[PDB]
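Form deposited without this ligand, single chain, as structure tokens, below.
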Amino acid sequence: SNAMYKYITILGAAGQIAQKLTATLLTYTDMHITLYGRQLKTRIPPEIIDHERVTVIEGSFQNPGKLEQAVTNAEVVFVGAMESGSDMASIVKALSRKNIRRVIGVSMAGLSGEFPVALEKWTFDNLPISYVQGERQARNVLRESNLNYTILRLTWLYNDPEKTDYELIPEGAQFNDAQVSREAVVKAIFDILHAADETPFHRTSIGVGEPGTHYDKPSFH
């Protein structure tokens, strides 16, 4: 045990990593969890929504009063999707208003020149430009903030409960891993939330990849 945080607000709560994270925090910590979003009582399963340590708050990133409520007294905010500069700006503004400092957010690997040639080309061949550009703008907004952020740069995702191994790729290092499981990413987030010394995560952007996957594209699964 010994999580470093008790109160977490999860934005993008219906996303797959966010749901897996919520389940692990319920099972393996005594954290109190607030989920913010739209129709969450139907989009998230009842073993989460019915749990006494889960609170749902309705709204979107364009409802500043609701978002501010959701993050009030959060000790850490998890941002499941960093897809839009303006949404990221609204999140940063809400956290700023509530004096919330600690934020962990999910972004994409490949926007800091870190992928090798073939995997980089495959990556951009398989995403719309608008998606890439929105990820870039959201990342820039968060790095420009004064928040104590950790950005997790994820390589290509898949699901496999047997895959929980991850490695962390520092800023500026080659990122050669073509894939990582959502379960491995969730373990990394859990580990960050339990780290007494969080300096490696203080205003840094860290890649998360499956060791041994130096391929030109994610594997067939």
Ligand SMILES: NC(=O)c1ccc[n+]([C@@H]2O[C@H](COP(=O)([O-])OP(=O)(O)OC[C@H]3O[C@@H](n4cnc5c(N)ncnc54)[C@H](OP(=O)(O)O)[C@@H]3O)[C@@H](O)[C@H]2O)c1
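Sequential numbering from 1, following the sequence displayed.
- Per the PDB record, of the two stretches 53 to 61 and 185 to 193, 53 to 61 carries the greater mean B-factor over its C-alpha atoms.
- Look at the mean CA B-factor for 195 to 203 and for 18 to 26 in the entry; the higher one is 195 to 203.
- In the deposited entry, the Cα temperature factor of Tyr166 places it in the highest third of its chain's modelled residues.
- For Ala3, the recorded CA B-factor ranks within the highest third of the chain. Only modelled residues enter the ranking.
- When all modelled residues of the chain are sorted by CA temperature factor, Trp122 is found within the highest third.
- When the modelled residues of the chain are ordered by their C-alpha B factor, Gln174 lands in the middle third.
- In the deposited entry, the Cα temperature factor of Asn73 sits in the top third of values across the chain's modelled residues.
Just so it is clear, the following notes concern the form deposited with this ligand bound, a form of the same protein that is not shown.
- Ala81 is the sole member of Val141, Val132, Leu147, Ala81 with a non-hydrogen atom lying within 4.5 angstroms of this ligand in the bound PDB entry.
- A single residue from the set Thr55, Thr42, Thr164, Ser60 has any heavy atom within 4.5 angstroms of this ligand in the bound PDB entry; that residue is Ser60.
- Contact annotation: this ligand lies within 4.5 Å of heavy atoms from the stretch 60 to 68 in the bound PDB entry, the single such stretch among 47 to 55, 191 to 199, 60 to 68, 26 to 34.
- Though the partner is left out of this view, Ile169 does not reach within 4.5 Å of this ligand in the bound PDB entry, counting heavy atoms only.
- The shortest heavy atom separation between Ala184 and this ligand in the bound PDB entry exceeds 4.5 Å.
- This ligand is not shown here, and in the bound PDB entry it never comes within 4.5 Å of any heavy atom of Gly209.
- Using a 4.5 angstroms threshold between heavy atoms, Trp156 counts as touching this ligand in the bound PDB entry.
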